[PDB]
Amino acid sequence: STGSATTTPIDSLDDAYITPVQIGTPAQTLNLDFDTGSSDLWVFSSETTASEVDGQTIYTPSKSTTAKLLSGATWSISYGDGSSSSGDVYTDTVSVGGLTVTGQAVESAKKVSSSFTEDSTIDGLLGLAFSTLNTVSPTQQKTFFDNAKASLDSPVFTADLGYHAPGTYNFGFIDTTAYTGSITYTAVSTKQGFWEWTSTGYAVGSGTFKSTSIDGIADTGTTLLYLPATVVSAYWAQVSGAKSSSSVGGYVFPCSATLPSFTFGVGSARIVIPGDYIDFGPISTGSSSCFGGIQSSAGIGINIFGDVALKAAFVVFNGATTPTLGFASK
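For the sequence shown, the numbering used here begins at 3 and goes up steadily by one.
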(Lines of atoms letter the chains of each structure in order from A and count residues from 1; the text may use other names and numbers.)
(Lines give C-alpha, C1' and ligand atoms only; values in the text may rest on other atoms or scores of the structure.)
Protein backbone atom coordinates (compact mmCIF):
# COMPACT_ATOMS: atom_id res chain seq x y z
CA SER A 1 0.00 0.00 0.00
CA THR A 2 0.85 3.68 -0.25
CA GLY A 3 -0.57 7.02 0.88
CA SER A 4 -0.15 10.57 -0.37
CA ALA A 5 -1.47 13.71 1.31
CA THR A 6 -1.02 17.42 0.72
CA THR A 7 0.44 19.47 3.57
CA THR A 8 -0.41 23.16 3.77
CA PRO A 9 1.25 26.06 5.65
CA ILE A 10 -0.92 27.37 8.48
CA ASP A 11 0.00 31.01 7.81
CA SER A 12 1.98 33.31 5.52
CA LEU A 13 5.25 32.57 7.38
CA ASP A 14 5.16 28.76 7.14
CA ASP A 15 5.08 28.60 10.95
CA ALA A 16 3.84 25.00 10.65
CA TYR A 17 2.11 22.71 8.17
CA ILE A 18 -1.23 20.89 8.48
CA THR A 19 -2.21 17.66 6.76
CA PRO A 20 -5.78 16.30 6.72
CA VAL A 21 -6.23 12.99 8.55
CA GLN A 22 -9.34 10.79 8.63
CA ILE A 23 -10.13 9.31 12.06
CA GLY A 24 -12.96 6.95 12.92
CA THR A 25 -16.09 5.61 11.26
CA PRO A 26 -17.67 7.58 9.67
CA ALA A 27 -14.52 9.57 9.04
CA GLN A 28 -13.84 12.66 11.12
CA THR A 29 -11.26 14.78 9.30
CA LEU A 30 -8.82 16.73 11.47
CA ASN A 31 -5.89 18.83 10.29
CA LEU A 32 -2.81 17.53 12.06
CA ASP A 33 0.76 18.76 12.39
CA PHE A 34 2.98 15.92 11.17
CA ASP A 35 5.96 15.97 13.52
CA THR A 36 9.07 13.88 12.84
CA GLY A 37 10.38 15.08 16.22
CA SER A 38 7.77 13.37 18.41
CA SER A 39 5.87 10.10 18.53
CA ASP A 40 2.32 10.74 19.78
CA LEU A 41 -0.77 11.11 17.61
CA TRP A 42 -2.99 13.33 19.73
CA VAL A 43 -6.09 15.33 18.92
CA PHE A 44 -8.39 17.98 20.25
CA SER A 45 -11.51 16.08 21.24
CA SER A 46 -14.92 16.12 22.86
CA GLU A 47 -12.97 15.49 26.11
CA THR A 48 -10.80 18.61 25.87
CA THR A 49 -11.54 21.19 28.57
CA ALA A 50 -14.01 23.51 26.87
CA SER A 51 -12.17 26.73 27.77
CA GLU A 52 -9.06 25.33 26.04
CA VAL A 53 -10.80 24.82 22.67
CA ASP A 54 -10.92 27.91 20.43
CA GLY A 55 -11.85 27.03 16.85
CA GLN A 56 -10.19 23.63 16.42
CA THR A 57 -12.00 20.69 14.93
CA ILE A 58 -12.50 18.00 17.57
CA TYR A 59 -12.54 14.22 17.45
CA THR A 60 -15.63 12.77 19.15
CA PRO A 61 -14.93 9.08 19.85
CA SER A 62 -18.53 8.42 20.87
CA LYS A 63 -19.58 9.13 17.26
CA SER A 64 -17.11 6.59 15.81
CA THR A 65 -18.33 3.01 15.57
CA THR A 66 -14.72 1.78 15.45
CA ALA A 67 -13.41 3.73 18.47
CA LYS A 68 -12.49 1.74 21.57
CA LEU A 69 -11.22 3.14 24.84
CA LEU A 70 -7.73 1.82 25.55
CA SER A 71 -8.52 1.05 29.16
CA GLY A 72 -6.22 2.60 31.75
CA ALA A 73 -3.98 4.34 29.22
CA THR A 74 -2.97 7.96 29.70
CA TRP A 75 -0.51 10.23 27.97
CA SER A 76 1.27 13.49 28.72
CA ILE A 77 3.79 15.31 26.56
CA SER A 78 5.91 18.46 26.75
CA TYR A 79 7.53 19.91 23.65
CA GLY A 80 10.76 21.81 23.15
CA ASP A 81 8.86 25.10 22.85
CA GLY A 82 7.37 24.66 26.33
CA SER A 83 3.90 23.64 25.16
CA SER A 84 2.18 20.52 26.48
CA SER A 85 -0.95 18.38 26.38
CA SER A 86 -2.32 15.29 28.10
CA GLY A 87 -5.31 12.97 28.19
CA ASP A 88 -6.56 9.42 27.64
CA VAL A 89 -6.40 7.05 24.68
CA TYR A 90 -8.66 5.37 22.14
CA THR A 91 -7.83 3.02 19.33
CA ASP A 92 -9.53 3.79 16.02
CA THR A 93 -9.09 3.63 12.27
CA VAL A 94 -6.81 6.37 10.94
CA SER A 95 -6.23 7.11 7.26
CA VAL A 96 -3.71 9.49 5.67
CA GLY A 97 -3.90 10.15 1.95
CA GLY A 98 -5.57 6.83 1.25
CA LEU A 99 -3.39 4.71 3.57
CA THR A 100 -5.38 3.13 6.40
CA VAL A 101 -4.23 1.81 9.78
CA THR A 102 -6.70 -0.02 11.99
CA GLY A 103 -6.19 -0.02 15.73
CA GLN A 104 -4.11 3.16 15.78
CA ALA A 105 -3.67 4.78 19.19
CA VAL A 106 -5.48 8.13 19.02
CA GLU A 107 -4.56 10.16 22.09
CA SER A 108 -7.51 12.30 23.14
CA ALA A 109 -6.55 15.57 24.82
CA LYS A 110 -8.20 16.42 28.11
CA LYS A 111 -5.85 19.41 28.59
CA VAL A 112 -3.73 21.47 26.22
CA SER A 113 -1.44 24.40 26.92
CA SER A 114 -2.23 27.94 25.82
CA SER A 115 -0.19 27.88 22.61
CA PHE A 116 -2.31 25.01 21.28
CA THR A 117 -5.58 26.71 22.26
CA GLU A 118 -4.42 29.92 20.59
CA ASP A 119 -3.67 28.19 17.27
CA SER A 120 -7.08 27.46 15.76
CA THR A 121 -5.58 25.86 12.63
CA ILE A 122 -3.92 22.85 14.29
CA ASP A 123 -6.29 20.12 15.50
CA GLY A 124 -3.51 17.92 16.91
CA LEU A 125 -0.17 16.31 16.13
CA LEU A 126 0.81 13.16 14.28
CA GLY A 127 4.19 11.98 15.50
CA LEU A 128 6.64 10.36 13.08
CA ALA A 129 9.76 9.95 15.25
CA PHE A 130 10.56 6.52 16.67
CA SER A 131 7.94 4.82 18.82
CA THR A 132 10.35 4.60 21.76
CA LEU A 133 9.44 8.26 22.45
CA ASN A 134 5.69 7.62 22.63
CA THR A 135 4.34 8.83 25.98
CA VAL A 136 1.36 6.48 26.48
CA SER A 137 1.46 4.73 29.86
CA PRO A 138 1.47 1.99 31.04
CA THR A 139 1.62 0.44 27.54
CA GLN A 140 3.65 2.47 25.04
CA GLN A 141 1.97 2.81 21.64
CA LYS A 142 3.26 2.75 18.06
CA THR A 143 3.25 5.64 15.63
CA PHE A 144 1.11 5.68 12.51
CA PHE A 145 4.19 4.96 10.39
CA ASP A 146 5.28 2.08 12.62
CA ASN A 147 1.82 0.53 12.38
CA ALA A 148 1.64 0.99 8.59
CA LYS A 149 5.22 -0.02 7.80
CA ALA A 150 4.72 -3.73 7.13
CA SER A 151 1.87 -3.03 4.68
CA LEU A 152 3.73 -0.33 2.75
CA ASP A 153 5.27 -1.08 -0.64
CA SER A 154 8.56 0.26 0.77
CA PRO A 155 9.13 1.10 4.49
CA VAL A 156 9.59 4.84 3.94
CA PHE A 157 7.82 8.16 4.11
CA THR A 158 8.87 11.38 2.45
CA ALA A 159 8.48 15.05 3.40
CA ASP A 160 8.27 17.60 0.59
CA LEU A 161 7.43 20.86 2.33
CA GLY A 162 6.70 23.97 0.29
CA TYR A 163 8.01 27.50 0.71
CA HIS A 164 4.90 29.65 1.07
CA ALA A 165 3.01 26.89 -0.76
CA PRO A 166 1.54 23.43 -0.21
CA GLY A 167 3.68 20.30 -0.31
CA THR A 168 3.30 16.56 0.14
CA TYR A 169 3.79 13.74 2.61
CA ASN A 170 4.02 10.35 0.89
CA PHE A 171 4.02 6.94 2.57
CA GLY A 172 5.39 3.78 1.03
CA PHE A 173 7.01 5.13 -2.14
CA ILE A 174 9.52 7.68 -3.43
CA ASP A 175 8.10 10.00 -6.10
CA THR A 176 11.01 10.28 -8.52
CA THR A 177 9.35 13.28 -10.19
CA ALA A 178 9.45 15.32 -6.98
CA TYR A 179 13.19 16.10 -6.84
CA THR A 180 16.16 16.95 -9.04
CA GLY A 181 19.41 15.06 -9.22
CA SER A 182 19.95 12.11 -6.91
CA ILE A 183 19.02 11.43 -3.29
CA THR A 184 22.00 11.32 -0.93
CA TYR A 185 21.48 8.98 2.01
CA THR A 186 23.15 9.45 5.38
CA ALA A 187 23.28 7.43 8.60
CA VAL A 188 20.74 7.82 11.41
CA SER A 189 21.10 7.20 15.12
CA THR A 190 17.87 6.20 16.86
CA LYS A 191 19.49 6.31 20.31
CA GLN A 192 17.50 9.42 21.35
CA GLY A 193 14.35 8.36 19.48
CA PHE A 194 14.85 10.99 16.76
CA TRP A 195 15.82 11.01 13.10
CA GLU A 196 19.29 12.07 14.19
CA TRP A 197 22.05 12.48 11.62
CA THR A 198 25.34 14.34 11.07
CA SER A 199 25.62 17.11 8.52
CA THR A 200 29.05 17.45 6.92
CA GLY A 201 29.23 21.25 7.16
CA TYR A 202 27.90 24.54 5.92
CA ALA A 203 28.39 27.63 3.79
CA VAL A 204 27.01 31.16 4.09
CA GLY A 205 25.91 32.75 0.83
CA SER A 206 28.59 32.41 -1.84
CA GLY A 207 31.23 31.71 0.80
CA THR A 208 33.49 28.70 0.98
CA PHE A 209 32.12 25.50 2.46
CA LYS A 210 33.28 24.71 6.01
CA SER A 211 33.69 20.99 6.58
CA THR A 212 32.57 20.23 10.12
CA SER A 213 30.30 17.59 11.62
CA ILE A 214 26.97 18.92 12.91
CA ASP A 215 24.83 16.33 14.70
CA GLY A 216 21.13 17.19 14.64
CA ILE A 217 17.58 15.99 14.08
CA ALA A 218 15.30 16.18 11.05
CA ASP A 219 12.21 17.70 12.70
CA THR A 220 9.19 18.70 10.62
CA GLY A 221 7.47 19.92 13.80
CA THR A 222 10.01 22.69 14.47
CA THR A 223 9.68 25.85 12.39
CA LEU A 224 13.27 27.12 12.37
CA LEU A 225 16.84 25.90 11.86
CA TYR A 226 18.71 25.67 15.18
CA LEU A 227 22.50 25.28 14.92
CA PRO A 228 25.62 25.84 17.06
CA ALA A 229 26.27 29.41 18.10
CA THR A 230 29.49 29.56 16.04
CA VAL A 231 27.62 28.68 12.82
CA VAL A 232 24.73 31.03 13.53
CA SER A 233 27.09 33.93 14.33
CA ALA A 234 28.92 33.34 11.05
CA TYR A 235 25.61 33.51 9.19
CA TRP A 236 24.23 36.69 10.79
CA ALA A 237 27.58 38.47 10.53
CA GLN A 238 26.87 38.65 6.79
CA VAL A 239 23.67 40.68 7.36
CA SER A 240 24.19 44.37 8.07
CA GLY A 241 22.52 45.33 11.33
CA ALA A 242 21.66 41.81 12.45
CA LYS A 243 22.04 41.15 16.15
CA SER A 244 21.03 38.72 18.85
CA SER A 245 18.33 40.24 21.04
CA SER A 246 17.79 38.76 24.50
CA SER A 247 14.49 40.63 24.78
CA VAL A 248 13.13 39.23 21.52
CA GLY A 249 14.66 35.78 22.04
CA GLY A 250 17.09 35.38 19.16
CA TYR A 251 18.67 36.95 16.13
CA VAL A 252 16.78 39.80 14.50
CA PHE A 253 17.69 41.76 11.40
CA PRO A 254 16.52 44.86 9.54
CA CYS A 255 13.44 44.04 7.51
CA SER A 256 15.05 46.01 4.64
CA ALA A 257 17.86 43.44 4.34
CA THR A 258 18.35 40.91 1.57
CA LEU A 259 19.37 37.70 3.31
CA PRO A 260 22.13 35.39 2.04
CA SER A 261 21.50 31.73 1.40
CA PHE A 262 22.66 29.00 3.78
CA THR A 263 24.05 25.69 2.55
CA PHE A 264 24.25 22.50 4.61
CA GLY A 265 26.11 19.32 3.73
CA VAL A 266 24.64 15.85 3.36
CA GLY A 267 27.64 13.64 2.80
CA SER A 268 29.30 15.05 -0.30
CA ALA A 269 26.03 16.69 -1.43
CA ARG A 270 24.79 20.19 -0.63
CA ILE A 271 21.32 21.57 0.11
CA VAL A 272 20.91 25.32 -0.45
CA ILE A 273 18.38 27.24 1.65
CA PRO A 274 17.53 30.46 -0.23
CA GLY A 275 17.83 33.64 1.81
CA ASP A 276 14.10 34.36 1.60
CA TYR A 277 13.37 31.12 3.50
CA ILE A 278 15.22 32.63 6.50
CA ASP A 279 12.93 35.69 6.80
CA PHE A 280 10.23 35.26 9.47
CA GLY A 281 8.93 38.78 9.23
CA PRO A 282 8.40 41.60 11.71
CA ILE A 283 8.88 40.73 15.38
CA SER A 284 5.58 42.52 16.07
CA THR A 285 3.05 43.99 13.68
CA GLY A 286 4.48 47.02 11.92
CA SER A 287 8.03 46.64 13.25
CA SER A 288 11.03 47.09 10.96
CA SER A 289 12.92 44.46 12.98
CA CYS A 290 12.46 41.01 11.47
CA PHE A 291 12.97 37.63 13.09
CA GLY A 292 15.62 35.30 11.72
CA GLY A 293 14.99 31.74 10.61
CA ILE A 294 18.41 30.47 11.71
CA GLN A 295 18.84 30.55 15.50
CA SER A 296 21.28 29.21 18.06
CA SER A 297 20.73 25.76 19.55
CA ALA A 298 22.96 26.59 22.52
CA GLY A 299 20.01 26.64 24.93
CA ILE A 300 18.35 23.49 23.53
CA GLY A 301 20.88 20.68 23.91
CA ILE A 302 20.46 19.50 20.30
CA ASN A 303 20.70 20.95 16.81
CA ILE A 304 17.41 20.94 14.93
CA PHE A 305 16.98 20.81 11.15
CA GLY A 306 13.47 22.23 11.23
CA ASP A 307 11.18 23.35 8.44
CA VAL A 308 13.51 26.14 7.27
CA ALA A 309 16.06 23.49 6.29
CA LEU A 310 13.77 20.64 5.34
CA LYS A 311 11.57 22.72 2.98
CA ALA A 312 14.67 23.29 0.81
CA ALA A 313 14.87 19.52 0.15
CA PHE A 314 13.01 16.38 -0.72
CA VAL A 315 13.54 14.31 2.43
CA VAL A 316 13.32 10.52 2.69
CA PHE A 317 12.67 9.01 6.11
CA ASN A 318 13.81 5.44 5.48
CA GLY A 319 12.39 3.08 8.11
CA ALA A 320 14.25 -0.01 6.99
CA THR A 321 15.73 -2.29 9.65
CA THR A 322 18.66 0.14 9.78
CA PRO A 323 16.98 3.54 9.28
CA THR A 324 18.61 6.21 7.15
CA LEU A 325 17.75 9.70 5.90
CA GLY A 326 17.88 10.84 2.29
CA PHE A 327 18.05 14.40 0.97
CA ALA A 328 17.66 15.65 -2.59
CA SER A 329 17.46 19.11 -4.07
CA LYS A 330 14.18 20.02 -5.74
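Ideal placement from N, C-alpha and C gives every residue a C-beta, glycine not left out.
Put simply, of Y171, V268, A111 the residue whose alpha carbon is nearest the alpha carbon of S88 is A111.
Here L128 is bridged, per DSSP, to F36, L43. Taking the CA atoms as reference points, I302 sits about 11 Å from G84.
If you draw a straight line from the Cα of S213 to the Cα of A205, it comes to about 9 Å. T119 sits in a helix when the DSSP states are folded into three classes. For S213, the enclosing beta strand (DSSP E) covers residues 212-220.
Setting aside the 5 residues that flank it on each side, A314 is surrounded in the same chain by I273, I275, each with a C-beta closer than 6 Å to its C-beta; the list follows chain order. Under the DSSP assignment, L312 falls in the alpha helix (DSSP H) whose first and last residues are 309-312.
The residues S133, in chain order, have a CB closer than 6 Å to that of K144 in the same chain once the five nearest residues on each side in sequence are set aside.
Distance from the Cα of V91 is smallest, within the candidate group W77, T104, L101, for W77. The criterion of a C-beta distance shorter than 8 Å is not satisfied by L229 and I124. Distance from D35 to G223 at the Cβ level is roughly 6 Å; contact confirmed, criterion being Cβ atoms closer than 8 Å.
If you ignore the 5 residues before and after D148, its C-beta comes within less than 7 Å of the C-beta of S133, all in its own chain and listed in chain order.
Distance from the CA atom of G207 to the CA atom of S64, rounded to whole angstroms, is 54 Å.
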